[PDB]
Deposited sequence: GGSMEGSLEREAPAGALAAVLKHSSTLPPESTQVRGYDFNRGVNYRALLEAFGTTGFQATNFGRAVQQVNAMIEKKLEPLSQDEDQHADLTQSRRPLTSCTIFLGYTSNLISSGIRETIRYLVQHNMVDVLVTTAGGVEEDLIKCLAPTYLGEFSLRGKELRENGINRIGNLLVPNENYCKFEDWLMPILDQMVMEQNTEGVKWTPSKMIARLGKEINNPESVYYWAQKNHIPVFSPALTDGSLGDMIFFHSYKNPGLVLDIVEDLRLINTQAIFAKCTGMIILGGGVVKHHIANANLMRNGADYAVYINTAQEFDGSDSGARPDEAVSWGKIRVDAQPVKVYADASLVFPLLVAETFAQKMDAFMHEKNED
């Protein structure tokens, strides 16, 4: 029986102690504490001694919505991928393309209230309280077109059967920049799944390109086999899912194929009342077999832009020595 107690600033400011105190603070602070414990359990299982990716004792799936790549959480995710701390990525199309675009031009801070008419008149696109100039996408187009030319050529003459994961690996290799999530993912043989890869600017570009160079095919069937087999052949699995939608369901349903994940942490701002998959508590997933009945899953109800860097500080970044 753990008593409720907050951090006492009469101690001064020890940030480690402050973060530790979340566990006994209550409400979502307590859930954050539980999430730290669950992610540390995944890491410790992964470090136990026992696709071209070599198996470890715990396969960790990391999912995140596209806007988190628009955000500075791009840097957090890149760090985990760079150091081979997770095994599978799932993100929607924006989450792919904006990582690449950020190697060409930056995204800027703005405000949620900025009016669309005036932004559009000035060639600026709004993402929440962020701003992306039109020119960023012009640079993306210039960079991407010759790559898409090569991909079509390789498909039609070298027998390459493109899927989203294979395209994402290629784009990461091409961007050739260590600030990029997907550069690191391909270097470290971490596959990235994104079944609706056409839903975004990369889609726009594929679309425009296809009238100059028809023929590109992106198959989603083989990518389903690939993600599901990552779960089926795992010794243990953990799911860390930031946001909802496709990224959440796709990871959770892959884990249904092994009769459920062993560990699970959700950080999202959705709620159950609307019947949404996004908003479903981890315990809904237990009814399906996506999370094992004996698992102790955790959801933090919060914006991941606040919570994820703190979670990484207290988990993966603490075990940096073991990952090298």
Quiz item: Given the full deposited sequence, which segments carry no C-alpha coordinates?
Solution: 1 to 30, 81 to 92, 367 to 372
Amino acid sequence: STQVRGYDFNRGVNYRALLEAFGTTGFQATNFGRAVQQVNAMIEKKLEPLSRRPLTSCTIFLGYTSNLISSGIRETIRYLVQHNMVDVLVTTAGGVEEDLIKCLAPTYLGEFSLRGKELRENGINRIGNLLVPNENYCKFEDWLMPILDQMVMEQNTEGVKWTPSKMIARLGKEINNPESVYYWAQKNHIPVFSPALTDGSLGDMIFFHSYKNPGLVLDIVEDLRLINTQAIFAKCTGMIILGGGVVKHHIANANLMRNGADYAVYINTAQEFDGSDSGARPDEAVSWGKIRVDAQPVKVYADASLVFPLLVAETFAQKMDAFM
From here on, numbers count along this sequence of modelled residues.
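For the two forms, the rigid core is made up of the largest set of C-alpha atoms that agree within 1.5 Å on superposition.
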Quiz item: Hey, after superposing on the core, which one moves around more in 5 other deposited structures of this protein, 53 to 61 or 22 to 30, CA-wise?
Solution: 53 to 61
Self-check item: Positional deviation of Cα atoms in 5 other deposited structures of this protein after core superposition, greater for 194 to 202 or 241 to 249
Solution: 241 to 249
Quiz item: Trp288: absent from a third or more of the other PDB entries compared?
Solution: yes
Quiz item: Is it true that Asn136 goes unbuilt in a third or more of the other compared entries of this protein?
Solution: no
Practice problem: Take the C-alpha B-factors listed in the entry for 158 to 166 and for 245 to 253, compute each mean, and give the stretch with the larger one. | Solution: 158 to 166
Exercise. Select between 282 to 290 and 267 to 275 the stretch whose C-alpha atoms have the higher average B-factor in the entry.
Key: 282 to 290
Self-check item: Out of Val96, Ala231, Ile101, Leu114, highest CA B-factor residue
Solution: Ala231
Quiz item: When the CA B-factors of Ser71, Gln150, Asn129, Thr198 are compared as recorded in the entry, which is the largest?
Solution: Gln150
Quiz item: Lowest, middle or highest third: where is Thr92 by C-alpha B factor in its chain?
Solution: lowest
Practice problem: Quick one: classify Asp204 as lowest, middle or highest third of the chain based on its Cα B-factor. | Solution: lowest
Quiz item: Would the CA B-factor of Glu75 place it in the lowest, middle or highest third of its chain?
Solution: lowest
Exercise. For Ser194, return the chain-relative third of its C-alpha B-factor as stated in the PDB record: lowest, middle or highest.
Key: lowest
Quiz item: Ranked by Cα temperature factor within the chain, is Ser305 in the lowest third, the middle third or the highest third?
Solution: lowest
